[PDB]
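Because only heavy atoms are used, hydrogens play no part in the values below, and waters and symmetry mates are left out as well, while side chains stay in. Chain letters run A, B, ... following the sequence lines, proteins first and then strands; every chain starts at 1.
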Amino acid sequence: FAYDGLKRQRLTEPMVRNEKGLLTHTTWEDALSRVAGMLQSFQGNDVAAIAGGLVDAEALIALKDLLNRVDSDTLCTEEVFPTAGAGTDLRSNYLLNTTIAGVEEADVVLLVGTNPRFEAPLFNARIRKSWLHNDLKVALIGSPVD
Amino acid sequence: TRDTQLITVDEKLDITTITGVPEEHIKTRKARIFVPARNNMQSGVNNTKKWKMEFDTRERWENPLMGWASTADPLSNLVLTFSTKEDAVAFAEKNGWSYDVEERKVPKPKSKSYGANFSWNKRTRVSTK
Amino acid sequence: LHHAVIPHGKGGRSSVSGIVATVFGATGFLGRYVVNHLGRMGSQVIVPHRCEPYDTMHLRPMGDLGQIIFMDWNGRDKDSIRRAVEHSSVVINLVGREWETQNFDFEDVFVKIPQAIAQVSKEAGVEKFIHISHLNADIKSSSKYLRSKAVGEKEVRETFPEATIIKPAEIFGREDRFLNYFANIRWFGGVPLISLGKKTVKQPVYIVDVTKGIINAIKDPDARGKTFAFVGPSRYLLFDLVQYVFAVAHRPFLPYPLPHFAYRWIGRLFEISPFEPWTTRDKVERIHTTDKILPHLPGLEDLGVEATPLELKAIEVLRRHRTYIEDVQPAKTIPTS
Amino acid sequence: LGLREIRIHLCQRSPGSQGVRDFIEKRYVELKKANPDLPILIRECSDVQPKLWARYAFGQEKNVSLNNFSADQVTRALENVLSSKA
Amino acid sequence: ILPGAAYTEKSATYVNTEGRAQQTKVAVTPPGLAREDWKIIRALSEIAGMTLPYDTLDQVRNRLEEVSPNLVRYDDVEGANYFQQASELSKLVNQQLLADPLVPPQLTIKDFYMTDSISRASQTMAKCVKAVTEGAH
Amino acid sequence: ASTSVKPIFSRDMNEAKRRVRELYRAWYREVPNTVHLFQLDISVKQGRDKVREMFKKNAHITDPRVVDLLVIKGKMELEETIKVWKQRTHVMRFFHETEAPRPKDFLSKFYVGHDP
Amino acid sequence: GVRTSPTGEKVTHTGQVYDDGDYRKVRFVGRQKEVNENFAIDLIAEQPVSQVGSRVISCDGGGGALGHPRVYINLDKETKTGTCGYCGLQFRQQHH
Amino acid sequence: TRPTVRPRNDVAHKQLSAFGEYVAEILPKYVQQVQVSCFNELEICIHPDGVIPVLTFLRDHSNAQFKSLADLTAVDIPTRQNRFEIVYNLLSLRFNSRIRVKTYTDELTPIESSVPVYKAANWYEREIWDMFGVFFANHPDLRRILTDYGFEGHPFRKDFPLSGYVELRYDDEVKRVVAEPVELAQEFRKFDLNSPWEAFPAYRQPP
Ligand SMILES: NC(=O)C1=CN([C@@H]2O[C@H](COP(=O)(O)OP(=O)(O)OC[C@H]3O[C@@H](n4cnc5c(N)ncnc54)[C@H](OP(=O)(O)O)[C@@H]3O)[C@@H](O)[C@H]2O)C=CC1
Ligand SMILES: [Zn+2]
């Protein structure tokens, strides 16, 4: 039902700050020239990027390649994941390794610091399915959510 | 067998030059080869039997006079039907279309037991009918 | 950009160019080409017209449904001007006449009307204004046409400072009054020429080149507030040009000299006609005006238009004037600057 | 001008990646100790030819094929990357 | 501000919590002057004199394969190993847990409906928050 | 096998190439008459360059049967022109005179729309 | 009913009206904007509620086969009328 | 019988079946399949090499005498290796009977012209060439018949778009009719009409 948010508050034109400090519509030519001018004058740690929660892989790699060409490595995401130890060197460190369908084969589940009902509702439905049909035992460390 | 004298041709079959399609709608198009998903609003499965080929969606804009949906894409409505995935791929190759194939998604067999509704010691016992 | 003027489509008849253009003088030679180019790409074109609706019928097929709108207007009524411009983003002034009538003289068409359009367009909030002047506009010219052009050009620049002023040379094309003018001199045995067609150098420009230049000016943010000169690639002697014109039309060419005084009476003699004169004193003075060289002004190449050689398009214009091997003999061109 | 990132691609089962798999199991932990702040992205994918990617300053990248390498060849291939810039 | 496209308006790759790569398909083109997001960056790189080496969607996906090959294996889950190696590096630096108890950011249904820009702009999601808070009335 | 097929006219590319060159000669000699007969505003050079451009775009074919059909179609096109079944509009449709030049670089396409 | 926008253009019963900067209103210059002035929403609201003496009532829109498909309307709720989904007529149970 | 149900004619069904076997026994070199429909129409499916021999036998044989070529057309079925099905519908005035002869071809395989057998076939084969792009060998005058001169493509192929690729208008600048890529003020609206429930069990196909 959230698809109706796609019809509201949409960004439809490039915008730059005018002399009064207000965002005003402009052309793609003009907006990119302003951005390109700044990017050509900064290098290294002077340039950084943050990627939000809805960005696609094609956009992520393109931005990383662009910032790498000014020798910047500050490509960040809003969502934290600890970098101590292996960090992101090993995929197994940050994946759901059992897989969603593997929940139906488990015989005990320990949930830690998560409300899967709201963070991943379809994943929580898979747990309930196994709780119902496989008599799965579920334990929770955290707040006692329903 | 035949009285007609055949020839040997090892070329890959390609008919792009003799189909009359403009260059734009051969090389810049992406064909999608898939078995349509069941419309979740209904239980009938009869529309999931055949393979389909469709093309990448392109711009539609509002007609200034009436607000109708205009298009400049001649392939916007073209949908082809195929018996097998291999037939669909063969058709796309000889026409020079780049394509992606999506494997068919058959529902997995389920274990259904009415008696389970009334289990003595399991959670499948229903609280209502 | 308001959501209705964002461009959509692929530049064809059913696309949305985002241009909303009021084209004054759309019913004439240059106007038909301008409207056609706006219509091709899916622009909204407002066509104020003074003439009969029957005289605007050739414009109707040039746009998709609803894309050509026709309004009545009067050059002396500023309210009719306001109704036609108040929704437009660009106003193009192609109003002009090669002769004077009882109701309108050269001051009216080239000074008062262009100033009225410019002033109303500025008050209406129109963003772009394109005004067609003349390459040889000059207040010292013997041609009253060219003197009014100079005065009108100055007033438009004062009224609408961000206006784009285009100053073309004599324009040739199917419906031109240039190559067709010379071809129709043959319709009388005499072929007069001030001096012998010497001392007059011409640099004519192709109609489509002017049209593309105007269209590219609408789309070019740089072009605002500038004055352009649209000229062809090759300069010619008036005698060579007319000789070439007759050669392409397969006509017998009989030159004979004349001074202005004997060339002004023939001009006066046909000025008596209650319609478009075949010729007039002013037309002769303009034809025998050497085309100015104005290297301080940008031209067609600054707008990304390649000037079309006259030799590549003369047949297109003059084929209808033929009586019924294509040696042609290209006319001699003055050495380039 | 120095090294910025290391990526190791390999298959989970193919014999052509056996040496790369051995290197990870035996030597990756020690490699990561010595290079605490160097990204060493290990990315497994079935049926790929193993490769070593090195990204240097300003987006320049080198790749070295590791197909059929031993664990020791992989070690030397990584040593050259760590030592020689580009 | 550079207007990009939403997930309904582009063919883009997303990797889910299992590591399975999947791609959206264009349902409608982006509104107004908005553009596909990787094309904005590719266009920016050309203006800046740092042109990226891909001009089509297939080319930028070939680039994805050079960084992480699993990103173009659509609808496939690629297993990841080396838990022991990860656990060895994890024990090298000992960090102390904080005392504060684990509290999820979402405790009740009212916190479910609005969690991103699309849902925060949804008028339907706003009615849902009102219903669970105020009531049916 | 499945590569043993029925020919159209040519049993191999060398036979097919002969027909191509014969068709090209026929078109080459027709252009001057076409420009005169249809009273076109293009030069004979422009017409012959257009003929060469049409032949070049199919230079990569290696299947004799495909080449046979290209020649068969090319000959039908020639017959339409020689017999004056075409009108001047049909002949001028090879030159796309009213179509504006669509941009080809990445940036120019990026500015105008969404198509690759 | 028919109201007007600040620019002077009439608002249709569907709420349509070109805003101030919309060039498309040029199509109405020297001509007119066709608007139907019998707003069905206002007309149906003028109709009185029928009081009936049963829990369920049926409506076919009047005129038999010249109306709409016959539907049956439940009137158990006393906090609202029963409305016909086809023609918008309203019914209310008297007493109960 | 049932007032709303079409009555069956079992005598004609048996007669057509027996004649179908008769044809298959006489021309085994070419006949691949013979079938009779529930509404009593006989179809002979043949190898494309058999066009002239089979049609000649059906026209001239004393027990056939199919003198009239009622219709000749093609059907495009993209899922088949030989996508084009060529259908000959013949009529016998002597025996007051009809028969359908079918064969196949692909985009590059010529079919033999049947003009020697039926002079009616001349224009029918030009139409098949024009609309489907099937070439007919030794046709006296094979060229487009229905499409515009210089038209590109074969519009009855299932993968040719309904509205084509180009459209026409008069252009005042060049003073002639010109062709340009097709743009539609209103796009044709594709409807998905098929029910997801099977309608005809008798025609069900193996999974
Ligand atoms: N053609 C050339 O060689 C050159 C032309 N120019 C300028 O270009 C512009 C147009 O050229 P061209 O198109 O050849 O001129 P045309 O005479 O071909 O068309 C003139 C236009 O002006 C309109 N017009 C004339 N007088 C009046 C008036 N009194 N009130 C209202 N409308 C009027 C006419 O409308 P109606 O049809 O109602 O009379 C017509 O649409 C003119 O300004 C001309 O000076 C500049 C340099 C050279
Ligand atoms: Zn009712």
*Asks:* For atom CG of A/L110, is the number of surrounding heavy atoms from other residues, nucleotides or ligands below 6.0 Å larger than 12?
*Replies:* yes
*Asks:* Is chain A contacted by the side chain of E/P105, its backbone, both, or neither, given a heavy-atom distance below 4.5 Å?
*Replies:* side chain
*Asks:* Ignoring hydrogens and angles, tell me if any N or O in the side chain of A/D4 forms a donor-acceptor pair with the backbone of E/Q123 under 3.5 Å.
*Replies:* yes
*Asks:* Using a 4.5 angstrom heavy-atom cutoff, name the option from A/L39, A/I100, A/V145 with the most pairs to chain E.
*Replies:* A/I100
*Asks:* Just verifying a value: how many Å separate A/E58 CD and E/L64 CG, rounded to the nearest 0.5 Å?
*Replies:* 5.5 Å
*Asks:* For chain E, find which of A/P82, A/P14, A/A86, A/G142 contributes the most heavy-atom pairs closer than 4.5 angstrom.
*Replies:* A/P14
*Asks:* Any sub-3.5 Å donor-acceptor pair from E/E18's side-chain atoms to A/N97's backbone N or O?
*Replies:* no
*Asks:* Rounded at 0.5 Å granularity, tell me how far CD1 in E/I1 sits from CZ in A/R17.
*Replies:* 7.0 Å
*Asks:* NZ/E/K127 to CZ/A/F1 distance, rounded to the nearest 0.5 angstrom?
*Replies:* 11.5 Å
*Asks:* At a heavy-atom separation under 4.5 Å, does E/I47 approach chain A through its side chain, its backbone, both, or neither?
*Replies:* both
*Asks:* Please look at E/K10 and chain A and tell me whether the side chain, the backbone, both or neither of the residue comes under 4.5 angstrom of a heavy atom of that chain.
*Replies:* side chain
*Asks:* Quick check on A/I141 against chain E: is it the side chain, the backbone, both or neither that has a heavy atom closer than 4.5 Å?
*Replies:* both
*Asks:* Examine distances only and state if a side-chain atom of A/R91 and a backbone atom of E/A80 form a donor-acceptor pair shorter than 3.5 Å.
*Replies:* no
*Asks:* Rounded to the nearest 0.5 Å, what's the gap from CZ on E/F83 to CG on A/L90? Could you check?
*Replies:* 9.5 Å
*Asks:* Using 0.5 Å steps for rounding, measure from the OG atom of E/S117 to the CZ atom of A/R8.
*Replies:* 12.0 Å
*Asks:* Checking heavy atoms, do the side chain of E/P101, its backbone, both or neither come under 4.5 Å from chain A?
*Replies:* neither
*Asks:* Using heavy-atom distances under 4.5 Å, tell me whether E/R61 contacts chain A through its side chain, its backbone, both, or neither.
*Replies:* side chain
*Asks:* Backbone N or O of E/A34 within a donor-acceptor pair of the A/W28 side chain at under 3.5 Å?
*Replies:* no
*Asks:* Would you call A/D56 and E/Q23 a side-chain contact if the rule is heavy atoms closer than 4.5 Å?
*Replies:* no
*Asks:* Can you see whether E/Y82 engages A/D89 through a side-chain donor-acceptor pair at a distance of less than 3.5 angstrom?
*Replies:* no
*Asks:* Counting neighbours of CG on A/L122 that are heavy atoms of other residues, nucleotides or ligands and sit closer than 6.0 Å, is the number greater than 12?
*Replies:* no
*Asks:* If we ignore hydrogens and angles and just use 3.5 Å, is the side chain of A/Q40 paired with the main-chain N or O of E/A48 as donor and acceptor?
*Replies:* yes
*Asks:* Using non-hydrogen atoms and a 4.5 Å limit, figure out which bit of A/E29 sits close to chain E: side chain, backbone, both or neither.
*Replies:* neither
*Asks:* How close do E/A86 and A/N93 get, heavy atom to heavy atom, and via which atoms?
*Replies:* CB-OD1, 4.1 Å
*Asks:* Side chain, backbone, both or neither: which part of E/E9 has a non-hydrogen atom closer than 4.5 Å to chain A?
*Replies:* side chain
*Asks:* Look at the side chain of E/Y14 and the backbone N and O of A/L54, then say whether any donor-acceptor pair between them is shorter than 3.5 Å.
*Replies:* yes
*Asks:* Using modelled atom types and a 3.5 Å cut-off, is there a donor and acceptor pairing between side-chain atoms of E/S45 and backbone atoms of A/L66?
*Replies:* no
*Asks:* Side chain, backbone, both or neither: which part of E/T115 has a heavy atom under 4.5 Å from chain A?
*Replies:* neither
